[PDB]
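Handing you this structure, nothing more for now.
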Amino acid sequence: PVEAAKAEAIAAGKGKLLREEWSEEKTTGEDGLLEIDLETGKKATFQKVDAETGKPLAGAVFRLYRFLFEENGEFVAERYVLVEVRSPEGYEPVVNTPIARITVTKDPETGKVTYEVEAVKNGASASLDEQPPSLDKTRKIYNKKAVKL
Amino acid sequence: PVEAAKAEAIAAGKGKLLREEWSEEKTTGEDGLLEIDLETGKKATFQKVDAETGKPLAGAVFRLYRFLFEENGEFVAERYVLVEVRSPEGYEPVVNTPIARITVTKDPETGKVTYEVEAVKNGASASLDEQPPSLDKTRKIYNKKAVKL
Amino acid sequence: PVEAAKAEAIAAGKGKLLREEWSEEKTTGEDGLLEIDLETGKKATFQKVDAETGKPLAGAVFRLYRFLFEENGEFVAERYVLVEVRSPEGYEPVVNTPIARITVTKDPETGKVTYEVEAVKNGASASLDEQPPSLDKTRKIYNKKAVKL
Amino acid sequence: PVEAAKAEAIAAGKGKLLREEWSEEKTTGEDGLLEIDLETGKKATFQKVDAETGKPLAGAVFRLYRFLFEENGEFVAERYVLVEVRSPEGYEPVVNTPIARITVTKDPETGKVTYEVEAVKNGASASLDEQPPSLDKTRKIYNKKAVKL
Amino acid sequence: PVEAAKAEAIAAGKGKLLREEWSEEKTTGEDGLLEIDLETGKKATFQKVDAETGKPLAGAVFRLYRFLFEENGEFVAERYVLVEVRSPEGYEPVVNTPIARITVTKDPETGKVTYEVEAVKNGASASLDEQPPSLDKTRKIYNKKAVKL
Amino acid sequence: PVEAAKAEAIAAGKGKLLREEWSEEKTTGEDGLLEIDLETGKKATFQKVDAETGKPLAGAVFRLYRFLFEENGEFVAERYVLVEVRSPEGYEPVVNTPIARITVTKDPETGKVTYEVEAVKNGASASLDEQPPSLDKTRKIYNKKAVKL
C-alpha cells in the first residue's frame, strides 16, 4: 500500500523522499462521490461506479496518500496517490490498491497551480476512467461486481 | 515487509510518518519464547508453537518494527509491528510476514501507559492467537508444519 | 519496489531509517552496460545479458535506490539496492524487482572505502551472477527470454 | 534570531524539534498593521505604533517563525514567534528581535482551536502591549523614536 | 541558548545535525544537586554551590539539551549540553548560558560506554569546576553572589 | 554561530529548514588561503590578509556551514555560510563570526550552476572585501591587528 503508492508517485530522475502523509479513510455514500482536498485547497472529485451498470456505489473505502519529493536536487514535488482500501460489499475485492496519481506542478515563471491526474496501470477489479489529465470533470472509478452462481 | 508493517501500523485518521525503527532479528529457542522490550521498558511476550501439537518451536526468526506517527496533527502515536522473518525448519514458509500490532496509547489526563495488542488479518501459515488485547499473558503464535508424503 | 529494496538493504541489528534516495531510470544500450556512480565516486558496473546465449541486452530499465541507516545507534550505514524496472522487450517480465545489494563499509581504524555486492535471493526472470563480492569485475545479470509457440 | 525565536518557543517539559518554518518578510504600511495567517487559517493582528504619540508606523519589517515540537513524547506543539527584522526609519534599531509568542493548543477532548499570545520579556526598543492572551483584539507593538540633538 | 548549546556540542570534522532534544527544566533543591539521566541510563551529577562559601544553592534552573550528529559520514555522535536557565535569587544573573558538555563515545571494537565531561569556556557568573573528564565524582558549579551596597 | 549563520542564509520569502551541515575546521597557512569545496565540486577561494599591510595571515580558523532550505514550497535552496572560528594570534578576536554567504542558484530552464558570494554586514574585526558576487577571483578577508602599547 504505502510503498506501492510511493512507487507510483516517484517521478523520473534523481529524487529524495521528504515526507509521507495520508488523509483519513473516507467511505463513499450513495452518490459514489469522493471529494479529496489537496494541500493547495483544490478539490479533486472521483466517483465509484459499477463497471457495467454505472450505478454509483456506496461502501467503498479510500485513503489519499501525499508524498513530498526533492526532484533533481532543485525542486520540491508534491505527488498524491489515491488508494482504494476496501471495495464495496458484493464487489470483487480491492484491498489497498492504488488507483490514481495526482501531480501538483507549479509553473516556475510565476504561474498558477497546475494539476495532472494519471491512472495506475495495474490489473485489478477497480480502475480509473480514461480522460485528459485535468481537474475539470469528475473522474469515474469502475468496480467489477462479483457474480453469484 | 517494512511497508506491510507500516500499513498495519497506520491508524484511522489524518497522519504523518516521523520515524521508522527496527530491532535485531531474534531467534526463538526451545521454549519458543520471544521477549520484545518496548521503548517504555515493558516486556511483551510471544510464544511460537505448533498449530496442532502446541509444542514450542525453535528456529523461528522475528523482527520488531517501530513506527512513530503524528496523528490528527495533535498527537504522536507509537505503533509496533511484529514480523516473522523465517518460519522454523520443517514448517510452512512464513517470510517477512507481519503477525501482531502493538499500540502504545498514553492517557492524556495524566494517566499511565496502556498497551493494546492486535493481530494482522492476513492468511498465512502463522497467526497470532485470540485473546483480549492486553499485555497480561503470553500471546501464542501458531505455525503450520509441512507434512511430508 | 522501494520497500522491497529497503528490506534487502536493512542489515542485521538495531537500526533506523534516515534517508531514502534514488537515481534516474537508466536504459541499457547495445553493450548491455549499466554504470552506477555511488556517492563516494566509485563506479559499479553491471551487464544485462541473455541467460542462454549471453548476448548483451538493450532496452532494460534500471533504477538505483540509496538508503542511509543508523546501525546499533553508533554508525551510519549506506546501502544501495539495484532494481530492474522493466525487462528488455521479448524477455520475461521483470517489473520493479531488486537484483543486487551494495554495502559501503568504511574501515573505522582510518581505512579506505570497501564495497561489497550481494545478490537478492528472489526467484525471478532476472538474477545476478555468482562472484566474490567485490567491485573488481563487471557483474553480469541474466535475463530469461520468452519463447514463442 | 532563529534560535532566540526557538528559545522563546520551547515550552516547559521534555521536548523535541520537528520543523522550523518561517513566512515572508512583511513591511508595515501607513496603518502600521501586520496580519499573520497561521496554518489553521486564523488571523493574528499586530500594530506597530509610536511608544509616545501612538501614531501607526510604516517601514517596520517583520517575519513570523513557526516551530513544531514533540512535547512529553505525546503531543505535537505548534509555537509561533513574531520577530521584528528592522525598526522603522528614524526609530531606535530593533534588528532580529523576537516580540510575541503564539501557542496553538487544541483541546484534546474534541475541542476547537485555542490561541494564546505571550510577549518576549527582553529589554529592547520595541515591545508588545499588555493584554489578556487571546486573539480577540489587535495587539499593539510600541517603538521608541530616536531623538535628534 | 539552543544554538550556543549546539555550537559547544559540534565536534571537530565534517558533521550533520540529526536531532535536537531537551529535558525538562529542573530546579535545584537545598542540596544544590542536579541529576541528569542520559539516554543510556547513566546519571551525571552536578552541584550548584557558592563560589566563595561553597554552600549548596537552591532555586537555580537548569535544562539539558541533547544533540545527535552524524560525524565524518560514518558515526552517530550523541552530545549533551547543560544550560543554566536562571541563577539562584540573590546571585549574579546567568540566563540561558551553557555550562558543561557531555560526549558519549562508544568504543567501536565492542567496548562499553564512555562518558567525557568538558566545560564551556565562556566568561559568566557561573562556571563548572576543574576535574578529569569522567563521571566518577560530582562536578561542582560555582555561582557568584551579588553583593549589596 | 550556527543560527547566526542560519539567519544570514535564510532568503526572502516562505521557507523551511531541511538540513544543517558543516565542514571541518580549516586553519589558514602562510599563504592565507582557504579553499572550500562546495557539494557541486566548485572551489571558492578566500584569503585572510592584514587590513593594513595586506600580508597573508596564518593561524585563522574557519568553518563552512551548509544549509538546505525549501523556498516558496517549490524549490530547494542551498546556502553556504563561511564562519571565522578564531582570528590569527596577535589580531583582534573574531570568534564564531559569519563572514561570507554563498548561494547556489541553478537556472531552471536547463542552465548550468551559478554561484553568488555576498558579505555579512556585521561590524567585526574581520570583513570580506568588496567585489562583484562571482567565483571568478579570490575574495580577500581583512583582519585588524591588535596594537600593543
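To keep things simple, chains are lettered A, B, C, D, E and F as they appear, and every chain counts its residues starting from 1.
One rule holds for everything that comes next: a contact is a pair of C-beta atoms (placed from the backbone, for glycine too) under 8 Å apart; a residue touches a chain by one contact, two chains touch by 3 or more.
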Third chains touching both subunit F and subunit A = none
Note = The chain pair with the larger count of contacting C-beta pairs, comparing D-E against C-E, is D-E
Note = Check: chain pair from E-F, D-E or C-E whose contacts match over half of those in A-F is C-E
Request  = Express in whole angstrom the distance between the two chain centres, defined as the mean CA positions of subunit A and subunit C.
outcome  = 30
Query = If you average the CA atoms of subunit B and of subunit D, how many Å lie between those two points?
reply = 46
Message = As a quick test, compute the distance in whole Å between the mean CA positions of subunit B and subunit F.
response = 51
Request  = For subunit C, write out the residues touching at least two other chains, lowest number first.
outcome  = 2-4, 6
Query = So in the complex, which bits of subunit B are touching subunit C?
reply = 1-4, 6, 19-25, 96
Key: In the complex with subunit F, residue positions of subunit E that touch it   = 2-4, 6-7, 10, 12-17
Inquiry  = Which stretch or stretches of subunit B touch subunit D in the complex?
reply    = 18, 70, 73-76, 106, 108
